[PDB]
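In this analysis, Cβ positions are derived from the backbone assuming ideal geometry, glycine residues included, and neighbour counts consider all displayed protein chains. Just so you know, all these numbers are worked out from the coordinates, no wet-lab data involved.
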Amino acid sequence: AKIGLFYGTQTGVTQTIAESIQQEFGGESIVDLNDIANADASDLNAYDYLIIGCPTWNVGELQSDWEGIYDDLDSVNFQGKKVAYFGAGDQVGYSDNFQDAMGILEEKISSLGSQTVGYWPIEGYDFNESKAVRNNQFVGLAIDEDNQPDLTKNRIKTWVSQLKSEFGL
Ligand SMILES: Cc1cc2nc3c(=O)[nH]c(=O)nc-3n(C[C@H](O)[C@H](O)[C@H](O)COP(=O)(O)O)c2cc1C
């Protein structure tokens, strides 16, 4: 598969989202699914297209597995790669840090030469601050199973549909 999806999860929500995304793209022949806990930063070198999934924890912090590999990202050559992002979060309980992890990873990875694709509009959400917002759009798909579980299915479908174009599909 030409697309590599790497996710991190604490309670399993980001994993479920990741599995749905793979399914929407067309299955394992289209998208390789990997838990970042079982990977090396160098594993990211193999793809032209990447999808990064990471939930935010403990007030604007990266999920533990992403935190662990964070300093190793500098060794990956992101030049020429197109990267999309997604994350699970809680806009009500953490309105001042909603989807912060997604924003932290995007800032790092994009500064290393990659091009971010898959921006998502902020309509329908209610939050105060987020490090994942640029030009009034999220840098990736913001899922909220804690407060908006009924919107998830459609959010994934629409986002994947828009992504296909960007990933030469
Ligand atoms: C104690 C605690 C702190 C959290 N901190 C944040 C936060 O700062 N920002 C946010 O958007 N969500 C935050 N969340 C919400 C989680 O990201 C959300 O529950 C998500 O579904 C967890 O996904 P996981 O199963 O993939 O780890 C927090 C959740 C808990 C329980």
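Can you tell me which of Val59, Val92, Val76, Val133 is among the β-branched types (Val, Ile, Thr) and either free of Cβ contacts under 8 Å to residues at least 12 places away in the same chain or away from the ligand (no atom under 16 Å from the Cβ) (or both)?
Values: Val59 fails: either free of Cβ contacts under 8 Å to residues at least 12 places away in the same chain or away from the ligand (no atom under 16 Å from the Cβ) (or both); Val92 fails: either free of Cβ contacts under 8 Å to residues at least 12 places away in the same chain or away from the ligand (no atom under 16 Å from the Cβ) (or both); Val133 fails: either free of Cβ contacts under 8 Å to residues at least 12 places away in the same chain or away from the ligand (no atom under 16 Å from the Cβ) (or both).
Exactly one residue qualifies, and that residue is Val76.
Taking the range 20-33, which residues are surrounded by 15 or more Cβ atoms within 10 Å (Cβ to Cβ) and in contact (Cβ under 8 Å) with a residue 12 or more places away in the chain?
Passing the criteria: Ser20, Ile21, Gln22, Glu24, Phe25, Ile30, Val31, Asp32, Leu33.
Among the helices (runs of 4 or more DSSP H) confined wholly to the range 63-169, which include 2 or more residues that are acidic (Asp, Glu)?
Fully inside the range 63-169 and qualifying: 64-69, 100-111.
Okay, residues lined up against (1) in contact with a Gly (Cβ under 7 Å, 6 or more places away or on another chain); (2) small (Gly, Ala, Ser); (3) within 16 Å of the ligand (Cβ to nearest atom); (4) within 24 Å of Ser130 (Cα to Cα):
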residue: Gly4; (1), (2), (3), (4): no, yes, no, no
residue: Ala18; (1), (2), (3), (4): yes, yes, yes, yes
residue: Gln23; (1), (2), (3), (4): no, no, no, no
residue: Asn45; (1), (2), (3), (4): no, no, no, no
residue: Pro55; (1), (2), (3), (4): yes, no, yes, yes
residue: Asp72; (1), (2), (3), (4): no, no, no, no
residue: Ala84; (1), (2), (3), (4): yes, yes, no, yes
